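Single chain ahead, written as structure tokens, the form solved without the ligand.
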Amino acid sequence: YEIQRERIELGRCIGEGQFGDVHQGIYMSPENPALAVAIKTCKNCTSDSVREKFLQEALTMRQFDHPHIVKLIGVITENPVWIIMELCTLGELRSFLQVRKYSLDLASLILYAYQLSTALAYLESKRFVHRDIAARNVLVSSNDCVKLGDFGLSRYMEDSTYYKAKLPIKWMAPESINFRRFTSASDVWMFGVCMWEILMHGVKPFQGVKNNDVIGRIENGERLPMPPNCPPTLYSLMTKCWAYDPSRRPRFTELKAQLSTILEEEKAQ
């Protein structure tokens, strides 16, 4: 899993991470075609405690191998420490959705929700609780492929460090907001919010509502409204993710199967 720095061509900065800037680049793989990659850099990895924390993020991604989760390519443990990830060429999902708005076919939006449900069913199969499922952590590899982004770079995951700028209340299950309970069932609640975000073309949930007012509305039975053009079967599926009792929420394998049916019904106009 070690990569040699002379095989990396560093390109433009595509974002800022907790440990340092993230760049786009090219990895000249030995005896293979060159790959487009994302490079996580570390500014203070001279410190052993910082270096080990940064390298733990690469080990977290190394344990996963799924077509809709960004893949670890390798690490450069020489000073300055770099983590090499696969690049999702088209960038962040919210920006991509905000450009296209109604020009994206409904079949593409449902496909994105289905692809994420396969990655979340895979994480659930490994007994891994995400805790930060939101459209901001989703990347676009091509017009017909989205992926979950790096877990370390995700602002509110369990082992993620904080950025200079507390909790994503508008995405969280009631038991997570009230008692900090995070399970596979609370991940299902967040995924229903993420599906709503996709069908709303990158609009954020509960805009203009204060975080403290969200739990009162949820306890009164209020939910995010049906997005314009969203098929009623898809909205019904979202409301099942938002069952107040977590034991009544479906698991990711069921959401995957139902989304595949919804997608095939839309493709048959």
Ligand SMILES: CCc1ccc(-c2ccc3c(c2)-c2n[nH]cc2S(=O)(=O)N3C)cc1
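Rigid core (definition): largest C-alpha set, two forms, superposition within 1.5 Å. Quick note: we count residues from 1 along the sequence shown, nothing fancier.
Gaps at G221 occur in none of the other compared entries of the protein that contain both adjacent residues, all of which model it rather than a third dropping it.
Across the other entries compared, at least a third leave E31 without coordinates even though the residues on each side are present. The segment from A165 to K166 is interrupted, since 1 to 3 residues of the deposited sequence in that interval carry no coordinates.
Between 205 to 213 and 220 to 228, the higher mean Cα B-factor belongs to 205 to 213. Comparing 129 to 137 with 69 to 77, the higher mean C-alpha B-factor in the PDB entry belongs to 69 to 77. Across the residues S160, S184, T89, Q115, the deposited record lists the maximum Cα B factor for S160.
Highest CA B-factor among the listed residues (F151, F191, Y102, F96): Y102. Compared with the other modelled residues of the chain, the Cα B-factor recorded for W82 ranks in the middle third.
Ranked within its chain, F54 lands in the highest third, by CA B factor from the PDB record. Among all modelled residues in this chain, the alpha-carbon of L255 has a temperature factor (C-alpha) in the lowest third.
Looking at the C-alpha B-factors along this chain, the one for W196 belongs to the lowest third. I110: CA B factor lies in the lowest third for its chain, per the PDB record.
There is another form of this protein, the form solved in complex with the ligand, and it is not shown here; the text below is about that form.
Three or more atoms of the ligand, overlaid from where it sits in the deposited bound form, fall within 2.4 angstroms of backbone or C-beta atoms of the displayed form, which makes the pocket blocked. Contact with the ligand in the deposited bound form, defined as a heavy atom within 4.5 Å, holds for exactly one of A173, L120, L199, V146, namely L120.
When you look in the deposited bound form, the only residue of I218, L224, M238, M61 with a non-hydrogen atom within 4.5 Å of the ligand is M61. Only one listed stretch (103 to 111, 74 to 82, 135 to 143, 173 to 181) carries heavy atoms within 4.5 Å of the ligand in the deposited bound form, and that stretch is 135 to 143. For the chain shown alone, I169 is not a contact residue for the ligand in the deposited bound form, no non-hydrogen atom being within 4.5 angstroms. Taken together, the three residues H130, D150 and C194 all lie with some non-hydrogen atom within 4.5 angstroms of the ligand in the deposited bound form. Residues of 178 to 193 that come within 4.5 Å of the ligand in the deposited bound form, judged by any heavy atom, are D187, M190, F191 in sequence order. Just a single entry of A34, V209, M226, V203 exceeds or equals a 2 Å CA shift between the shown form and the other one, which is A34 (rigid core superposed).
For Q18, the Cα coordinates differ by 2 angstroms or more between the shown form and the other one after the core has been superposed.
After superposition on the rigid core, the Cα of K43 moves by 2 Å or more between the shown form and the other one.
With the core held fixed between the shown form and the other one, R94 has its Cα displaced by under 2 Å.
In summary, the C-alpha positions of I73 and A135 converge in the deposited bound form, ending up at least 3 angstroms nearer each other than in this conformation. Relative to what is shown, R136 and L120 are closer in the deposited bound form; their C-alpha atoms differ in spacing by at least 3 Å.
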